[PDB]
Amino acid sequence: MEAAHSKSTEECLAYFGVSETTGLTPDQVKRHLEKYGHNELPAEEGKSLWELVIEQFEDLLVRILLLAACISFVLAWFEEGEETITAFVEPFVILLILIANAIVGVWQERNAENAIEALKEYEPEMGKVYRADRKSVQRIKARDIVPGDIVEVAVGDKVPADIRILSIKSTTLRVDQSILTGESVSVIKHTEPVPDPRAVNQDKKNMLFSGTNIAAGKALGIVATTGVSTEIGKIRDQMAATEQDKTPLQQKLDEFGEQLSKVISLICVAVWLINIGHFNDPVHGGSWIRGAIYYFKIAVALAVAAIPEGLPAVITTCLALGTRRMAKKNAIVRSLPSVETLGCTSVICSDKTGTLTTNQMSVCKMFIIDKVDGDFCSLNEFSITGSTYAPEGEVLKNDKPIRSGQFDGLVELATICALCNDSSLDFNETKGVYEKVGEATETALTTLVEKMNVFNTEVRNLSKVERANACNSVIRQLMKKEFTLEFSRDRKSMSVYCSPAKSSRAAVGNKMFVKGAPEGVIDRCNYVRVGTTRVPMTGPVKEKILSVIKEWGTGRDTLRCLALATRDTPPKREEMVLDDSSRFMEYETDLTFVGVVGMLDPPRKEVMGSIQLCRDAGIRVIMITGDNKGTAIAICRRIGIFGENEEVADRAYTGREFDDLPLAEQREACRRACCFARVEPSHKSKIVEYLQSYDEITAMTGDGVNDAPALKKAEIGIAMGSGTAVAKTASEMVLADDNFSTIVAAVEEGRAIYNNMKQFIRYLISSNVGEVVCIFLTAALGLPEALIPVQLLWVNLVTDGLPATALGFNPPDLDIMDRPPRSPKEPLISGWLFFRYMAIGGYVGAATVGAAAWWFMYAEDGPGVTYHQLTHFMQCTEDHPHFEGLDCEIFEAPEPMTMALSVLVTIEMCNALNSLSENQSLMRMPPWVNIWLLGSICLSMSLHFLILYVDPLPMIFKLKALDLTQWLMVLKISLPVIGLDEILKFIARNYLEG
Ligand SMILES: C/C=C(/C)C(=O)O[C@H]1C(C)=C2[C@H]([C@@H]1OC(=O)CCCCCCC)[C@@](C)(OC(C)=O)C[C@H](OC(=O)CCC)[C@@]1(O)[C@H]2OC(=O)[C@@]1(C)O
Ligand SMILES: Nc1ncnc2c1ncn2[C@@H]1O[C@H](COP(=O)(O)OP(=O)(O)CP(=O)(O)O)[C@@H](O)[C@H]1O
Ligand SMILES: [Mg+2]
Ligand code: NA
Numbered sequence: 001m002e003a004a005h006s007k008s009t010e011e012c013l014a015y016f017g018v019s020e021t022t023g024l025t026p027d028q029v030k031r032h033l034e035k036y037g038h039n040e041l042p043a044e045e046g047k048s049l050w051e052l053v054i055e056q057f058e059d060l061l062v063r064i065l066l067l068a069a070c071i072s073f074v075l076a077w078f079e080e081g082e083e084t085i086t087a088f089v090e091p092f093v094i095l096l097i098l099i100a101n102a103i104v105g106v107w108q109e110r111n112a113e114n115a116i117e118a119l120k121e122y123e124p125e126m127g128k129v130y131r132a133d134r135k136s137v138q139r140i141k142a143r144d145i146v147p148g149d150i151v152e153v154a155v156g157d158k159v160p161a162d163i164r165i166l167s168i169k170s171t172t173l174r175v176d177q178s179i180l181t182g183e184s185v186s187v188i189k190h191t192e193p194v195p196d197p198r199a200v201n202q203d204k205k206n207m208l209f210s211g212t213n214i215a216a217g218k219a220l221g222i223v224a225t226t227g228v229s230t231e232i233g234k235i236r237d238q239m240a241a242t243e244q245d246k247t248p249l250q251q252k253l254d255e256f257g258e259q260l261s262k263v264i265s266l267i268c269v270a271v272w273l274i275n276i277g278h279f280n281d282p283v284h285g286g287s288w289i290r291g292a293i294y295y296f297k298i299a300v301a302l303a304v305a306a307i308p309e310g311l312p313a314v315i316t317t318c319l320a321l322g323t324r325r326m327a328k329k330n331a332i333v334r335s336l337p338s339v340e341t342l343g344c345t346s347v348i349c350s351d352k353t354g355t356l357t358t359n360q361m362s363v364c365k366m367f368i369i370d371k372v373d374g375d376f377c378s379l380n381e382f383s384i385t386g387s388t389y390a391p392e393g394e395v396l397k398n399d400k401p402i403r404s405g406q407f408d409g410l411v412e413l414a415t416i417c418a419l420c421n422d423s424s425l426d427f428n429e430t431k432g433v434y435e436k437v438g439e440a441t442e443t444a445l446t447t448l449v450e451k452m453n454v455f456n457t458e459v460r461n462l463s464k465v466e467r468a469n470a471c472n473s474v475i476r477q478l479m480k481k482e483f484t485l486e487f488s489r490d491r492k493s494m495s496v497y498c499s500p501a502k503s504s505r506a507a508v509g510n511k512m513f514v515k516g517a518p519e520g521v522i523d524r525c526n527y528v529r530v531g532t533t534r535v536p537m538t539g540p541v542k543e544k545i546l547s548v549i550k551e552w553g554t555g556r557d558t559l560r561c562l563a564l565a566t567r568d569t570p571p572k573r574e575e576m577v578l579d580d581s582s583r584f585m586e587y588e589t590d591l592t593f594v595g596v597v598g599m600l601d602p603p604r605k606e607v608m609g610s611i612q613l614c615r616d617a618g619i620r621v622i623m624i625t626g627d628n629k630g631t632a633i634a635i636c637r638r639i640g641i642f643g644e645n646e647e648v649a650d651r652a653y654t655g656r657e658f659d660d661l662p663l664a665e666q667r668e669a670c671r672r673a674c675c676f677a678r679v680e681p682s683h684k685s686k687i688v689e690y691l692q693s694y695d696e697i698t699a700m701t702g703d704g705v706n707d708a709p710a711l712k713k714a715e716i717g718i719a720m721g722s723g724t725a726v727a728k729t730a731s732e733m734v735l736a737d738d739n740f741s742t743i744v745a746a747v748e749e750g751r752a753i754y755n756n757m758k759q760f761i762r763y764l765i766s767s768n769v770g771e772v773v774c775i776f777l778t779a780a781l782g783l784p785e786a787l788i789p790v791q792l793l794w795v796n797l798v799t800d801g802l803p804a805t806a807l808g809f810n811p812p813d814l815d816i817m818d819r820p821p822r823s824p825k826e827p828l829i830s831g832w833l834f835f836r837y838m839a840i841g842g843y844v845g846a847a848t849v850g851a852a853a854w855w856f857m858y859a860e861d862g863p864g865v866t867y868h869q870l871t872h873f874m875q876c877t878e879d880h881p882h883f884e885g886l887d888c889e890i891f892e893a894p895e896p897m898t899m900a901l902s903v904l905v906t907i908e909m910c911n912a913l914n915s916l917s918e919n920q921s922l923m924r925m926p927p928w929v930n931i932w933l934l935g936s937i938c939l940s941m942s943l944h945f946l947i948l949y950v951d952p953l954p955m956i957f958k959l960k961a962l963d964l965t966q967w968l969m970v971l972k973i974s975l976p977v978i979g980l981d982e983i984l985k986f987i988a989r990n991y992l993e994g
């Protein structure tokens, strides 16, 4: 391996000590191969079903359930009555539930995918090398390519490794480095070295990246780095090193079981102490192990009582629906759990051009030197109409139509835009629209010529599929494109070498047409053309030129400027090495300015407003672009990131400025800044680190593998619909429409979902609290079981779930977007709210137990010891004549249970409603505010009545109710809950919170 790109062709050949015409020798291979290993990325790791199901049974709760299911299973086998043939339901059900979860997670993860897996899609199976054990090129498996061997690639091949170019055989080499950046635009590779050792891939012009494709050409090169050491290999490392935390909800839940667990074992401790009398009174007689079974079978009740068995199903079904929802709004969210974290986004870093703007360019202004005399200088500003690349529009001066032709400067300005352009227009029939062909900024300048036919030629007499390129075509035939000197970020500009068409324009012949950033060119300008005539560049005219350029790109116009020039007497062709880049800037000098051109990348409509929502939302927004700081800011102002006259010194940095700062200040800059200019590689990733240090939930965008590491590290990495596959696999969400707006919209659904989600959680949990109270009392008093796990299950899963998932559709608040994002550290239940369900539950636990016990005493269908003796119901068949007098089995009666449970059910269909709002009376927030909530409650009730009226179902449970004598009892017990709440709710007025 080596830092080749900085080293010369010979330097690399020496390093690895290899022959360019021979290749590595079988010894060198074995050696190298050993030292560097094979050319591939470590394999994937995926827990087997075993490992899966094992974690599926790793949750403390699911564990607690498994133990519980066992105990029950053990207890069922301990009877010996033919009628106790139902005992195998309780355990069998729990297991189903448990199992069903495992069945999910296994099919869940199962259909997932790693972004690191996506990368291996870039690893081409074969490759071509030249090794000493043969003279012709060998076609071997990339896996076996080694650092140092001479490699060969061409037109269709996928570059197998990070290769330094040794020699280009075709007349030109082109590469599609999009898997890296995403830009489909091919680039030209050379052979000479690049000085900077810390140079970004972009400027490694003599380098070939493992993953990219050869757009056009054929070349020979020497392998620099392999496997994980290659540009793409580094990324894979970063993405694997990165660890993503759990959704705050998943956090909050794990925290719940952790506690749910401690309480449980504590109750057993209390319970045991309440029945500790058995150490000083027991007649050491029989029923000693008919008492153990009690504390045991009462345990598994306690468990299913404690766990919100159905919650998981509710949540997931909620998230899915919302997902499917967001999808309609163009937000493609991949992991359901994200929807939570999304609704909490603190900061959003959005790339500019693709999402904030439309990436649809068009020239608005022009300006050619009109007159220079003394210090008196006069320009010639214009305007151009038409936002589509469409050839439809008019050139104007002071908003008055004009014939570009009448001016010379323009005629040239035009020919330059027509010959220093590697793009083109095209018209499709499928959707009758004018489509860009080359690059955005060029495919525009071409549109600029069509709109301004400098030599008034027909056209209106031509079809659209001809009109698109019929003014350019003309200028293309007045001069000959000898070759071009490509754009390189060093000299920020480009130029085409031209010779005329013999006898028609051979006045001076060989010309050089250059376009590029205004700064660069204008310096390299020693003359200015005042329409068909030249004058030496001079102090004032230069200032006038630049000045307008600043206004155009800083002013409300926010335009991108391309100063245009031509080299009247270029050097002689033979005096030019068209294959080594350093000399281009030298070739593009002693120039004559012929005009600058401005163009606009229009923010999207929804942006202006979305940007405002976020403000309202207290969600910060940061733009990341490639625009010079000066312009970056201006555009930030035009959209609302900044105020028209707001101070921004400390709020917007440039990629470089940022490096020149210390890890300390670096951090500050981030929590306050809102605009990053020309940001290099790591910057994205680093910024996500500083925005996380302040514990902010942040979103990132981007689409090439270059940004996979940031997308993975952001709390919500965001990919583009038209982005690459890896980026997507590395992202939590995907804007099918690439639109910034789509982001916010989504952030909002997330805030809505959670609110409702949040409620049904509180709903289910609370009941689970009361269920336990019941089970406690039932054991603290000694009273016969009031409720059975089975019943309980059915409840928490169905009778209670439907209303839960129903509340999921709770209409959204109105100020959802006027409130700061939620703090992740916000507990679902605490304070006075803790107190309410502290109460409610305590109520159901009394209501329930009381009701069943009621049937025992005070009931007209099986009276009982109104003296409370029922408490020793254990002792019945024992001392029958010991106050018993009657049938020793009424305790095992079914009706008393059907009491305590129907009291529960109703108390829930009730408490369900008390949850439509956390603090609003129902007289304020009526139950019909959500029809599903009511619609479901009914579905659950009929269901309840289904377990009673069917014949199979009842047997597993309790018997029917005696409506009006027994049912009314239920109601005079339950309904009162609503009030208890309303009362406690009303306590929201007597305090200061609303
Ligand atoms: C589900 C049923 C029960 C009985 C339970 O043990 O819940 C406790 C518990 C673990 C918490 C408490 C429960 O505390 C009690 O109910 C007191 C025990 C008295 C009954 C014993 C009879 C002798 C929650 C349920 O209830 C109230 C209202 O007091 C609210 C909340 O839970 C949530 O926000 C849900 C988490 C998704 C948690 O305080 C939570 O602890 C936490 O870490 C939280 C933040 O989680
Ligand atoms: N095809 C081209 N040839 C020569 N100069 C060009 C050009 N396209 C743009 N320019 C000018 O050169 C300067 C830089 O070009 P560069 O290719 O880095 O821009 P870019 O802003 O399009 C990158 P990004 O796509 O990330 O926003 C620009 O600021 C512009 O003034
Ligand atoms: Mg460009
Ligand atoms: Na992520």
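For the record, in the sequence shown the residue sitting at position 890 is 890 according to the deposited numbering, with numbers rising by one throughout.
Using N, Cα and C, we set each Cβ at its ideal position, and we do this for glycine too.
For residue i, the three-state DSSP class (helix, strand or coil)
i	result
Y991	coil
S767	helix
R505	coil
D144	helix
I298	helix
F658	helix
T589	coil
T906	helix
Candidates the options, of which the one nearest residue i by Cα
i	options	result
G105	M899, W50, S170, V89	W50
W272	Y294, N201, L253, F809	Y294
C561	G37, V535, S693, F367	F367
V744	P709, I816, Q177	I816
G148	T247, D245, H32, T212	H32
Near ligand 5: residue i beta-carbon under 6 Å from a heavy atom
i	result
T533	The model depicted lacks ligand 5 and carries ligand 1, ligand 2, ligand 3 and ligand 4 instead.
Residue i CB to nearest heavy atom of ligand 4 below 6 Å
i	result
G717	yes
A699	no
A414	no
Near ligand 2: residue i beta-carbon under 6 Å from a heavy atom
i	result
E680	no
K492	yes
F584	no
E665	no
Host beta strand (DSSP E) of residue i (start-end)
i	result
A649	Taken as a continuous stretch (DSSP letters only), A649 belongs to no beta strand (DSSP E), as it is neither H nor E.
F487	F487 -> no beta strand (DSSP E), and no H or E assigned at all.
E435	434-436
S167	162-168
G343	No beta strand (DSSP E) holds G343; DSSP gives it neither H nor E.
Extent of the continuous alpha helix (DSSP H) to which residue i belongs
i	result
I611	605-617
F407	That residue, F407, is in no alpha helix (DSSP H); it is neither H nor E in DSSP.
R134	Per DSSP, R134 belongs to no alpha helix (DSSP H) and is neither H nor E.
Whole-Å CB distance - residue i paired with residue j, under 8 Å assumed
i	j	result
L904	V93	Actually they are not in contact, since the Cβ atoms of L904 and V93 sit about 18 Å apart, beyond 8 Å.
Closer than 6 Å: residue i CB and nearest ligand 1 heavy atom
i	result
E80	no
residue 998	Lying before the first or after the last residue shown, residue 998 is absent from the chain, which here runs from 1 to 994.
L828	yes
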